[PDB]
Each structure stands twice: as C-alpha cells, then as structure tokens.
Amino acid sequence: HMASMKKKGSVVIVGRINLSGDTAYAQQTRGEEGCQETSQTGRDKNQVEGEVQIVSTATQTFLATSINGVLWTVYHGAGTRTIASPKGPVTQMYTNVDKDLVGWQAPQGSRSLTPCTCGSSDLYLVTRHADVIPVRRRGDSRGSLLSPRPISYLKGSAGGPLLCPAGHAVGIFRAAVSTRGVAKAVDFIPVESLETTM
Amino acid sequence: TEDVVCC
Ligand SMILES: [Zn+2]
C-alpha cells in the first residue's frame, strides 16, 4: 500500500504571456507529454522568460506572476506543490490558504513586474489567452468588469496580473463575482498583501 | 445570488 503511494506532481511552467511588445500574446513552451514528464521529475531545463507564466498541474492550468522577485500564484491552483526548476523541484517560499496565495523564488531568467505607484483605478486584467480586459477598481480587492463575461472565459486565468495603465502590478487575479455564470466583477490579491506576506 | 467563483 505504501510502495504504491506517490507524491503529487510539481507545478510546471508550460508557457508565458508576452507583454513586452506592442502586442500581448500567449506562447506555449511545453506540450502535454513534456509537461507530464516534468511534473514527475520536477526538473525543468527550459529557460524561463518574462513576468507572467502559464503553469499546469495534472488537473488545472492557470497563471503565475513575478513581483518583487517571487513568482506568485493562487493556492486554489497550486496547493502546496513544488515548482519544477533546472535543479529539481523548488519548495514554496510563501503559502497562505486564507489569502489564496503562494509563491516560489522567481525562476532564473524571469523578470518581475514593478508594483504600481500611480494610484490609478483604471486596471487591466491579463488572461491566459493574452486578452487585456478593462477593470474599474472599486475597493482594496475588487474591481468591476466594464463588459460582462461568462465565468468560463476567466477560468484558467487566476494567478495573472491586474495592471495599471502604465503596466505596473496592482494585484493578482483570483476569482470572479458571478451571477448565473456571468461574471460582473473580479476579486484580486492586492500587491500590498504580497508585500505583507514577504 | 452573487458568489465569488475561483478562477
Ligand atoms: Zn500604476
């Protein structure tokens, strides 16, 4: 019974959302078979680039965002999992189920978003398809969608950033306020909460 | 009924 008992896989970086051009676009960097292998070994020799990663477990694909040298994502996606890296699986540096937040040391080669300092309530949610969706900040951790969307559209984008007009980080997207499967607002983890965790 | 749905 115990020999049959295996550990859960690592989170695996399988792509990125490229935001450093004049265009936003998703890039896949690992296909399904590579992802499965890498989840088991915890050894990812790909060179990571950029700020927003697309990540997968065996059951979910979602996003992760580097801010202040830490790659952050949602606990409801990653749980307590290690992340695959060049030298093997990396244990989380931060874990907080109550905030729905986890983080690992940012991968070598990655870059971090700068926390927002401009005070803007005009926000932009970056999805896993590299859609840039306007969100009006309404409070510490909430913003309204200018256009309603099905919740299914936003599924898989938790862990991604809310950006201010200058492209600086305001928070990490985690959940949508929905009625009858239609999202009208988003819930996010503010960057100030990440700094408190650190 | 509004609810917060994890994404
Ligand atoms: Zn700003």
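Every number for a ligand or one of its atoms is a count from 1 in the order of the listing. Letters A, B, ... are given to chains in the order of the sequence lines, protein chains preceding strands, and every chain is numbered from 1.
- In this model, no donor atom of one side chain and acceptor atom of the other lie less than 3.5 Å apart for A:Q60 and A:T57.
- Protein atoms of type N, O or S found under 2.8 Å from the Zn ion (ligand 1) total 3.
- Between A:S193 and A:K99, the side chains place a donor N or O and an acceptor N or O closer than 3.5 Å (distance only, hydrogens not considered).
- For the residue pair A:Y153 and A:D131, a side-chain donor N or O sits within less than 3.5 Å of a side-chain acceptor on the partner.
- For the 3.5 Å distance criterion, the side chains of A:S10 and A:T82 qualify, holding a donor opposite an acceptor.
- Salt bridge A:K184/B:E2: present, at least one basic N to carboxylate O contact under 4.0 Å.
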Is there a salt bridge (charged side-chain N to carboxylate O under 4.0 Å, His left out) between A:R137 and A:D122? Walk through the geometry before answering. CA-CA 7 Å; A:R137 196 177 188 167; A:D122 283 325; over 6 Å; no
